[PDB]
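This report refers to the structure that appears directly beneath it.
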Amino acid sequence: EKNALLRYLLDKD
Amino acid sequence: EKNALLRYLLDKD
Amino acid sequence: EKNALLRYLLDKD
Amino acid sequence: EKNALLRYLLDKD
Amino acid sequence: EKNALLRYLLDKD
Amino acid sequence: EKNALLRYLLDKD
Amino acid sequence: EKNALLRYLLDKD
Amino acid sequence: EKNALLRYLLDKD
Amino acid sequence: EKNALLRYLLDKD
Amino acid sequence: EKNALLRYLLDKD
Amino acid sequence: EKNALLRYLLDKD
Amino acid sequence: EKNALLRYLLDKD
Amino acid sequence: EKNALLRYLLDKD
Ligand SMILES: C[C@H](CCC(=O)O)[C@H]1CC[C@H]2[C@@H]3[C@H](O)C[C@@H]4C[C@H](O)CC[C@]4(C)[C@H]3C[C@H](O)[C@]12C
Ligand SMILES: C[C@H](CCC(=O)O)[C@H]1CC[C@H]2[C@@H]3[C@H](O)C[C@@H]4C[C@H](O)CC[C@]4(C)[C@H]3C[C@H](O)[C@]12C
Ligand SMILES: C[C@H](CCC(=O)O)[C@H]1CC[C@H]2[C@@H]3[C@H](O)C[C@@H]4C[C@H](O)CC[C@]4(C)[C@H]3C[C@H](O)[C@]12C
Ligand SMILES: C[C@H](CCC(=O)O)[C@H]1CC[C@H]2[C@@H]3[C@H](O)C[C@@H]4C[C@H](O)CC[C@]4(C)[C@H]3C[C@H](O)[C@]12C
Ligand SMILES: C[C@H](CCC(=O)O)[C@H]1CC[C@H]2[C@@H]3[C@H](O)C[C@@H]4C[C@H](O)CC[C@]4(C)[C@H]3C[C@H](O)[C@]12C
Ligand SMILES: C[C@H](CCC(=O)O)[C@H]1CC[C@H]2[C@@H]3[C@H](O)C[C@@H]4C[C@H](O)CC[C@]4(C)[C@H]3C[C@H](O)[C@]12C
Ligand SMILES: C[C@H](CCC(=O)O)[C@H]1CC[C@H]2[C@@H]3[C@H](O)C[C@@H]4C[C@H](O)CC[C@]4(C)[C@H]3C[C@H](O)[C@]12C
Ligand SMILES: C[C@H](CCC(=O)O)[C@H]1CC[C@H]2[C@@H]3[C@H](O)C[C@@H]4C[C@H](O)CC[C@]4(C)[C@H]3C[C@H](O)[C@]12C
Ligand SMILES: C[C@H](CCC(=O)O)[C@H]1CC[C@H]2[C@@H]3[C@H](O)C[C@@H]4C[C@H](O)CC[C@]4(C)[C@H]3C[C@H](O)[C@]12C
Ligand SMILES: C[C@H](CCC(=O)O)[C@H]1CC[C@H]2[C@@H]3[C@H](O)C[C@@H]4C[C@H](O)CC[C@]4(C)[C@H]3C[C@H](O)[C@]12C
Ligand SMILES: C[C@H](CCC(=O)O)[C@H]1CC[C@H]2[C@@H]3[C@H](O)C[C@@H]4C[C@H](O)CC[C@]4(C)[C@H]3C[C@H](O)[C@]12C
Ligand SMILES: C[C@H](CCC(=O)O)[C@H]1CC[C@H]2[C@@H]3[C@H](O)C[C@@H]4C[C@H](O)CC[C@]4(C)[C@H]3C[C@H](O)[C@]12C
Ligand SMILES: C[C@H](CCC(=O)O)[C@H]1CC[C@H]2[C@@H]3[C@H](O)C[C@@H]4C[C@H](O)CC[C@]4(C)[C@H]3C[C@H](O)[C@]12C
């Protein structure tokens, strides 16, 4: 779940 | 480390 | 609705 | 989980 | 220098 | 790990 | 000019 | 035209 | 260092 | 056909 | 500069 | 066979 | 232009 959230947040970067 | 990166990214939120 | 609020809050991040 | 994440983000609010 | 590049890239997240 | 994060972020670049 | 090219390449990142 | 060729070549960068 | 970063980013171009 | 050949030749670049 | 960058990118091509 | 010879000749292109 | 770019790309070939 942490990777999923990170994936969402880093999408743009 | 993931929590640390998340804490940085969520800081403004 | 929880997703809708999360999406707004995570906006800046 | 969604509630747990919301509780964190809403903590300053 | 790595932190500076990371900072730049993470700016929108 | 800094290189690992960078490698991920630079991947579509 | 190097910064200008870098800015272009990194803008997706 | 040079910019158009550059954009094509840089598109995966 | 700018050249080093450019070389990496341009390597598949 | 010229674009097809160009794509082939460029698609290392 | 555009030719120099193009020569670099087309180097493999 | 023509494609095979072409692939070889175009390999450095 | 397409012939000129092709001649350049093929000149090793
Ligand atoms: C979640 C994301 C993409 C995963 C994928 O979909 O393939 C991956 C790519 C690079 C990863 C990061 C890098 O591996 C560097 C760090 C390694 C540590 O073990 C965790 C935090 C750490 C900062 C990682 C967080 C997360 O797992 C990342 C950001
Ligand atoms: C990293 C952050 C703050 C931790 C701290 O400052 O001590 C904590 C507080 C709320 C946490 C999240 C919430 O507990 C809900 C999720 C629980 C899952 O087990 C991991 C992802 C999950 C999405 C967590 C990611 C991260 O651990 C968070 C974001
Ligand atoms: C709401 C947001 C964006 C949805 C979208 O716009 O498509 C999505 C993207 C990543 C999601 C999170 C990630 O999937 C990781 C967690 C997964 C759990 O099932 C719920 C909490 C959890 C922390 C999710 C909460 C929310 O659904 C998120 C934050
Ligand atoms: C998670 C937080 C605190 C829970 C607690 O610790 O008591 C609770 C208090 C108010 C809640 C919100 C409010 O009840 C209003 C909405 C009600 C909907 O059923 C879900 C989203 C909704 C937006 C809720 C999301 C979340 O469950 C909240 C934000
Ligand atoms: C560069 C950035 C901001 C530093 C600041 O200006 O305060 C900092 C804040 C969160 C940091 C990350 C977190 O500390 C978690 C990881 C810790 C490892 O030691 C390196 C990678 C790692 C993924 C870090 C990379 C980088 O230094 C980050 C992204
Ligand atoms: C991590 C990435 C890929 C390395 C690899 O192929 O595994 C490498 C390629 C070029 C590197 C960068 C360049 O060498 C230029 C900078 C050199 C400094 O010493 C660190 C930051 C600096 C910005 C480097 C960060 C990172 O190590 C990079 C981005
Ligand atoms: C060009 C870009 C954005 C500048 C801007 O938009 O204002 C800036 C932001 C982060 C910079 C990088 C970081 O400062 C880390 C490195 C610092 C070294 O002095 C040069 C290479 C180096 C890798 C820098 C190259 C470039 O100037 C970057 C990539
Ligand atoms: C063609 C490309 C994308 C333009 C766009 O559509 O935004 C642009 C973005 C950055 C540009 C480069 C940078 O501006 C730095 C140089 C500026 C000089 O005046 C020309 C060559 C030069 C090396 C440029 C070549 C080309 O115009 C580039 C690569
Ligand atoms: C770093 C890379 C490879 C250098 C090498 O290893 O020989 C070189 C090849 C061609 C170079 C570019 C071309 O010379 C065109 C531009 C010349 C300007 O003075 C700097 C930016 C400029 C856009 C250069 C950036 C960088 O130095 C490049 C991209
Ligand atoms: C064939 C290739 C990729 C087309 C595609 O699938 O997107 C395209 C992308 C950029 C194109 C070039 C650019 O548009 C610049 C030139 C435009 C002229 O009208 C034809 C020659 C010209 C030099 C083009 C040749 C060819 O059509 C190119 C090289
Ligand atoms: C830079 C490179 C080599 C020049 C040299 O050998 O030193 C030259 C050879 C063929 C050139 C291309 C061909 O002349 C066809 C195009 C002509 C247009 O006027 C500019 C873009 C255009 C797509 C040119 C871009 C660049 O000047 C090229 C790619
Ligand atoms: C043989 C080579 C690669 C095929 C492959 O993917 O393995 C292919 C890629 C581009 C092809 C060429 C392009 O499709 C353009 C021309 C199309 C005509 O139908 C045949 C000659 C023609 C000049 C082709 C000859 C040959 O089949 C090429 C050169
Ligand atoms: C430009 C180059 C050299 C022309 C010359 O200066 O002699 C010529 C030699 C063979 C030509 C190719 C061959 O005639 C086969 C193809 C014929 C199609 O009508 C155009 C694309 C086609 C793939 C041609 C593209 C280009 O005009 C080529 C590659």
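Ligands are counted one by one from 1 in listed order, and the atoms in each one are counted from 1 as well. Order of the sequence lines sets the chain letters (A, B, ...), proteins ahead of strands, with each chain counted from 1.
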Quick one: nearest non-hydrogen protein atom to atom 13 (C) of ligand 1, plus distance? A4(F) CB, 3.9 Å
Distance from atom 20 (C) of ligand 1 to nearest protein heavy atom, with residue and atom: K2(B) CG, 3.8 Å
Given that the side chain starts at C-beta and the backbone is N, CA, C, O, which of these parts of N3(F) lies under 4.0 Å from ligand 6, counting heavy atoms, or is it both or neither? both
For atom 25 (C) of ligand 1, grab the closest protein heavy atom and report residue, atom and distance to one decimal in Å. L6(A) CD1, 3.8 Å
Heavy atoms, side chains only, cut-off 4.5 Å: are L9(C) and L6(D) in contact? yes
the protein heavy atom lying closest to atom 19 (O) of ligand 6 turns out to be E1(E) OE1, 3.7 Å
If you have a sec, work out which protein heavy atom is nearest atom 29 (C) of ligand 6 and how many Å separate them, to one decimal? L10(F) CD1, 3.8 Å
For atom 6 (O) of ligand 6, what's the nearest protein heavy-atom neighbour? Residue, atom name and distance, please. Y8(I) CE1, 3.5 Å
For atom 12 (C) of ligand 1, what's the nearest protein heavy atom and its distance? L5(F) CD1, 4.6 Å
Atom 10 (C) of ligand 1 touched by protein heavy atom at under 4.0 Å: yes
Identify, for atom 5 (C) of ligand 1, the protein heavy atom at the shortest distance, and state residue, atom and that distance. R7(A) NE, 4.2 Å
Any non-hydrogen protein atom below 4.0 Å of atom 27 (O) of ligand 1? yes
